[PDB]
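One chain comes next, on its own, written as structure tokens: the form deposited in one PDB entry.
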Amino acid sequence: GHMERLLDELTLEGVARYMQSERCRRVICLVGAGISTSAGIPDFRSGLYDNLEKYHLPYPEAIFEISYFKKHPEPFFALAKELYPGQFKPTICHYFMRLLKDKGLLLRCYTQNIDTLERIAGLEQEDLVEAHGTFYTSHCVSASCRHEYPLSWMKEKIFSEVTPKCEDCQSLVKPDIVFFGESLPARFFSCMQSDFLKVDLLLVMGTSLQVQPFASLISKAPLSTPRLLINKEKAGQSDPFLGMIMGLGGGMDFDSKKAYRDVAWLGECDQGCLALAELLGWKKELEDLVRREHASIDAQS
């Protein structure tokens, strides 16, 4: 009558032992804004509403709407200048994912971040699903053109306060982030199905699991696949699911007597990753990697 229990206990220690077993070959990370707050990028939960007042929008959410952007792009680009990070140093948490890549354990990193820090940390396009898009590239919005621009070009336009126009056709050029009204990227839909059939461990970091796609993505994992949340607070829990599909419905179950596969480690993402690395025997490798990669960035300033 009972599900296979791949974790020997619902703790970080049980997750580590499972990770070291033959059974754990494919890890998927789901990462959000919480993994970049220690890099100096605020998550807007400690808000945009104040930044937005000066632009005299019809309502605050108009800043996210693709239709409003196309008629009045100046507020977005002015906000983009205000919000542009002053440096791009990936965190311990990003480099933990680089370790997973280099050890052959990373099936995919799904991110809702647009800050490009995953790429800076050495994850490649094939490792990544940027689910809310990214600033890494931008495109001309004209359907017959679609000329691509790199972040260095977009940055210069943002900082010079020149509304970016396409060099081929003079249409607007928009960062490849997902504005409201736009579909999630094609990349997301082509990977999700296949990935979530093959996943042996789901690592969820720095997200409250309230926005799409992550809010529902956690439920696509096989029922036996363990799920570790590293976050400041619990996320993804709900009341016991009362509909047809029973245990397949609803979210994380950390605390009930039916709990069998989900673990919550509450604290800083960087500290959680370092604690997990330590259990795995990777703490020196991770510390060495962070030191060298941060130094490589510091050496170019």
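The first residue of the shown sequence is 1; numbering continues from there. Whichever C-alpha set is largest while still superposing within 1.5 Å between the two forms counts as the rigid core.
- Of the other structures of this protein that model both sides of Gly272, every one gives it coordinates; not a third omit it.
- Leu248, though modelled here, lacks coordinates in at least a third of the other entries of this protein that were compared and that model residues flanking it.
- In this entry, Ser46 is separated from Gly47 by 1 to 3 residues of the deposited sequence that have no coordinates.
- Higher mean CA B-factor, judged across 210 to 218 and 94 to 102 from the recorded values: 210 to 218.
- Higher mean CA temperature factor, per the PDB entry, when comparing 50 to 58 with 253 to 261: 50 to 58.
- When the Cα B-factors of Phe159, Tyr110, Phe77, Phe135 are read from the PDB record, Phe159 comes out highest.
- When the C-alpha B factors of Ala39, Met246, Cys269, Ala33 are read from the deposited coordinates, the top value falls at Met246.
- When all modelled residues of the chain are sorted by CA temperature factor, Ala235 is found within the middle third.
- Compared with the other modelled residues of the chain, the Cα B-factor recorded for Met205 ranks in the lowest third.
- The entry lists a Cα temperature factor for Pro175 that places it in the lowest third of the chain's modelled residues.
- Compared with the other modelled residues of the chain, the Cα B-factor recorded for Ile63 ranks in the middle third.
- Ranked against the other modelled residues of its chain, the C-alpha B-factor of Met192 as given in the entry falls in the highest third.
There is another form of the same protein, the form deposited in another entry; it is not shown, and what comes next is about it.
- When the rigid core is held fixed, the Cα atom of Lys71 travels 2 angstroms or more between this form and the one not shown.
- Core-aligned CA deviation for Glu161 between this form and the one not shown: 2 Å or greater.
- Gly267 shows a C-alpha shift below 2 Å between this form and the one not shown [criterion: core-superposed Cα displacement of 2 Å].
- Relative to the shown form, the Cα atoms of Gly247 and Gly14 move apart by 3 Å or more in the other form.
- Annotation: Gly243/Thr207 CA-CA distance shorter in the other form than in the displayed model, change of at least 3 Å.
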